[PDB]
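Atom set for the values below is all heavy atoms of this structure, side chains included, hydrogens, waters and symmetry mates excluded. To find a chain, count down the sequence lines: A is the first, B the second, and so on, and within it residues start at 1.
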Protein chains: 2
Amino acid sequence: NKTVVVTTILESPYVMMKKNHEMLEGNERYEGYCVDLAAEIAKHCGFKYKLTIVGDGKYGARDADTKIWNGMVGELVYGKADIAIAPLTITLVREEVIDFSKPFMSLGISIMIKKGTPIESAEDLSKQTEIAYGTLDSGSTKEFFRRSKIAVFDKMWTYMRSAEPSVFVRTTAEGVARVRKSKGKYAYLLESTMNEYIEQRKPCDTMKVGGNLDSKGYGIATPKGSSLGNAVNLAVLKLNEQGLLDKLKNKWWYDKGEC
Amino acid sequence: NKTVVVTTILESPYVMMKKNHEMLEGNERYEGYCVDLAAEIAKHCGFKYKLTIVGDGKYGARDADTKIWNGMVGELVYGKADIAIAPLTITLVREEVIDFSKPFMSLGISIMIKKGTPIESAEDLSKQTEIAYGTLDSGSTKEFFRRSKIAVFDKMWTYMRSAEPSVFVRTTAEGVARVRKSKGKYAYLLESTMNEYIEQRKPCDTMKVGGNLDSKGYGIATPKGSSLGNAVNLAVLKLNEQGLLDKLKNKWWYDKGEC
Ligand SMILES: N[C@@H](Cc1nsnc1O)C(=O)O
Ligand SMILES: N[C@@H](Cc1nsnc1O)C(=O)O
Ligand SMILES: [Cl-]
Ligand code: NA
Ligand SMILES: [Zn+2]
Ligand SMILES: [Zn+2]
């Protein structure tokens, strides 16, 4: 009968600081796709909640040496949060330590280029060197390449892990900025959802090119064995069938379009 | 320990009888995406299985009066099958009575028209009468239109439910044949997966038009509480991350392509 601690991450357009946040308190300080989703899930599940941005600003990965989980996954694993409502990718290694609802959004790894870049696919990136390319420093995308057995992807990984300086970035915003200021000499591998979002934001100079490299989804996560998981899983399905999710995506992705 | 009874359905290209099937026995009589998926899953979960075609040839719905489930879901809820490996859509009503693995395939409801039919969208079908349209007699698609609040879809449901003669079909093949021999006076609403497949088969006279009406996925189902569920779910995720599911999709949809 207590307030649910929701761990989430500052990633546009999922969770963003409201323009006048410093004059607001609690949940009213945030806005975005996941903020709207959180209010809906909590309303349909009947619980009070509190949104908290993940301290280290990470999604979640296990450190090879210490074996400790960081990011939003870590907050769930070590009991700091009761639930995670964010663009957290459903992956095998995560599913082994936390529970995931059925996906509320479908997506895939994609390529983000500065308009004009002579690249139309991952294959293209692999068969050249002039243009550098990387992914987020930790998360499902980097893990995807590091584990792939498909020649093209494995080849891109061989290059990325040894590239110097590092082609990996700490945050999505860091990757987008790097694409924008690299005169077309840097491409960024990120999930199609974020790629499509950025493509509709000023200065409208980036572009999603080629098809997705894979298919997967984002799910609402809870600690392994949490009682909350069952209800939340059922709420996601109901909200999807009633069109809420489609409406929310259009709202934050296209209605707000700047291009 | 014991051979796992797999319930499935004859739906191309998921499960199909091989050409020389009469000379074969057991699982060897079948071929297809789901047949391969089944083998893979059984290999990684370590068990023997028997493929059985669902008796009433239905996906699964609950009779409003008797409250009895039919089709594959019915076989699972009543203990006739241990698992269902087929293109069974993850939904709220089904999730309430059976367990679903994370989706092994993403899809949406789509429109199939005979080439040349003057229809580009759902809205187009709703604003006219000359062209009849309907869905599978029972399944997630028919349910979607019945539980739809969206004006366009709702309007389509009113027409379909009252239409005469009936526009609903017992099987997808029947829906497809109806479109093909109706001079374009009938459009069939079915899942994008089947639509895309048919679009690539002779006589090559059908088309998937417009975008998907919704987003959802297929999941491997198991009786609620089943022990096999956990391992199967982790296996689906493993196969997706290794690229196998993408491989099978290309193999059965486009490598086989005839148009
Ligand atoms: N959604 C990913 C992080 C991410 N966002 S864009 N590229 C990425 O890797 C994760 O949940 O780890
Ligand atoms: N996959 C659906 C049936 C179906 N296949 S193509 N159009 C449809 O409605 C179900 O699982 O009920
Ligand atoms: Cl046997
Ligand atoms: Na109505
Ligand atoms: Zn395998
Ligand atoms: Zn009845």
Visitor: Can you list everything that forms a side-chain contact (heavy atoms from CB on, under 4.5 Å) with B/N250? Sequence neighbours excluded, please.
Guide: B/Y254, B/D255

Visitor: Check whether any side-chain heavy atom of A/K114 lies under 4.5 Å from a side-chain heavy atom of A/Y188, and answer yes or no.
Guide: no

Visitor: Check this for me: does any side-chain nitrogen of one of A/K185 and A/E130 sit under 4.0 Å from a carboxylate oxygen of the other?
Guide: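 Salt bridge present between A/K185 and A/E130.
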
Visitor: To the nearest 0.5 Å, what is the distance between CD1 (A/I98) and CE (A/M72)?
Guide: 9.0 Å

Visitor: What are the two closest non-hydrogen atoms of A/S101 and A/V236, and how far apart are they?
Guide: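 For A/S101 versus A/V236, the nearest heavy atoms are OG-CG2, 3.8 Å.
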
Visitor: Quick check for you: to the nearest 0.5 Å, what is the distance between B/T89 atom OG1 and B/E191 atom CD?
Guide: 3.5 Å

Visitor: Roughly how far, to the nearest 0.5 Å, is the CD1 atom of A/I119 from the NZ atom of A/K127?
Guide: 11.5 Å

Visitor: Is it the case that A/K256 places NZ or CZ above or below the six-membered ring of A/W252, under 6.0 angstrom from the centre and within 45 degrees of the axis?
Guide: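 The answer is yes, since A/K256 meets both limits relative to A/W252.
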
Visitor: Between SG of A/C259 and CE of A/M207, what distance do you get to the nearest 0.5 Å?
Guide: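 Answer rounded to 0.5 Å: 13.0 Å.
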
Visitor: Is it the case that the side chains of A/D124 and A/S121 hold a donor-acceptor pair, with the cut-off being a distance below 3.5 Å and no angle test?
Guide: yes

Visitor: Would you say the side chains of B/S110 and B/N212 form a donor-acceptor pair under 3.5 Å?
Guide: no

Visitor: Under the salt bridge (charged side-chain N to carboxylate O under 4.0 Å, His left out) rule, what pairs show up with a residue in residues 148-162 of chain A, not counting sequence neighbours?
Guide: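 As it turns out, there is no salt bridge (charged side-chain N to carboxylate O under 4.0 Å, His left out) pair with a partner in residues 148-162 of chain A once direct neighbours are skipped.
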
Visitor: For residues B/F100 and B/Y218, establish whether the separation of their ring centroids is below 6.0 Å.
Guide: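 No.
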
Visitor: Please walk me through it: do A/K216 and A/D214 pass salt bridge (charged side-chain N to carboxylate O under 4.0 Å, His left out)?
Guide: CA-CA 7 Å; A/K216 46 197 174 190; A/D214 69 350; 3.0 Å; yes

Visitor: Just wondering, are more than 12 heavy atoms of other shown residues or ligands nearer than 6.0 Å to CD in A/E174?
Guide: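 For A/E174, atom CD is crowded (more than 12 foreign heavy atoms under 6.0 Å).
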
Visitor: A/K238 and A/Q242: side-chain donor and acceptor closer than 3.5 Å?
Guide: yes

Visitor: Which heavy atom of B/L107 sits nearest a heavy atom of B/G217, and at what distance?
Guide: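 Of all heavy-atom pairs spanning B/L107 and B/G217, the closest is CD2-CA, 3.8 Å.
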
Visitor: Hey, is A/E25 close enough to A/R29 for a salt bridge, meaning N to O under 4.0 Å?
Guide: no

Visitor: Between B/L237 and A/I90, is any pair of side-chain heavy atoms under 4.5 Å apart?
Guide: yes

Visitor: In Å and rounded to the nearest 0.5 Å, what is the OG1 to CG distance from A/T141 to A/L136?
Guide: 7.0 Å

Visitor: Taking ring pair (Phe, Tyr, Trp, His ring centres under 6.0 Å) as the test, write out the residues that go with A/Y159, two or more places apart.
Guide: A/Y133

Visitor: Can you confirm whether B/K247 is buried at NZ, in the sense that more than 12 heavy atoms of other residues, nucleotides or ligands lie under 6.0 Å from that atom?
Guide: no

Visitor: Do A/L189 and A/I111 come close enough that some side-chain heavy atom pair is under 4.5 Å?
Guide: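 Contact flag for A/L189/A/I111 side chains = yes.
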
Visitor: Decide, yes or no, whether a salt bridge links B/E40 with B/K43 under the criterion of side-chain N to carboxylate O below 4.0 Å.
Guide: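 Salt bridge present between B/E40 and B/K43.
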
Visitor: Do the charged groups of A/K208 and A/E199 touch, with an N to O distance under 4.0 Å?
Guide: no

Visitor: Just checking A/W253 against A/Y33, ring centres under 6.0 Å apart?
Guide: yes

Visitor: Could you measure the distance from the CG atom of B/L92 to the NZ atom of A/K102? Nearest 0.5 Å is fine.
Guide: 11.0 Å

Visitor: Output yes when A/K142 and A/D137 qualify as a salt bridge under the 4.0 Å nitrogen-oxygen rule, no when they do not.
Guide: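 A salt bridge is present here (some side-chain N lies under 4.0 Å from a carboxylate O).
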
Visitor: Does A/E143 pair with A/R146 as a salt bridge, N-O distance under 4.0 Å?
Guide: yes

Visitor: Taking the six-membered ring for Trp and the full ring for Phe, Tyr or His, determine whether the centres of A/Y59 and A/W69 are under 6.0 Å apart.
Guide: no

Visitor: Got a sec, which residues hit ring pair (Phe, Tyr, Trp, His ring centres under 6.0 Å) with B/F47, two or more places apart in sequence or on another chain?
Guide: none

Visitor: Less than 4.5 Å apart, any side-chain heavy atom of A/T206 and any of A/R180?
Guide: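 A side-chain contact exists here, since the closest heavy-atom pair is under 4.5 Å.
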
Visitor: Taking side chain to side chain donor-acceptor pair (under 3.5 Å) as the test, write out the residues that go with A/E31, two or more places apart.
Guide: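 A/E31 satisfies side chain to side chain donor-acceptor pair (under 3.5 Å) with no other residue.
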
Visitor: Which residues satisfy the ring pair (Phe, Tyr, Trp, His ring centres under 6.0 Å) test with B/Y49, sequence neighbours excluded?
Guide: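 Partners of B/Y49 under the ring pair (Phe, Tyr, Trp, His ring centres under 6.0 Å) test: none.
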
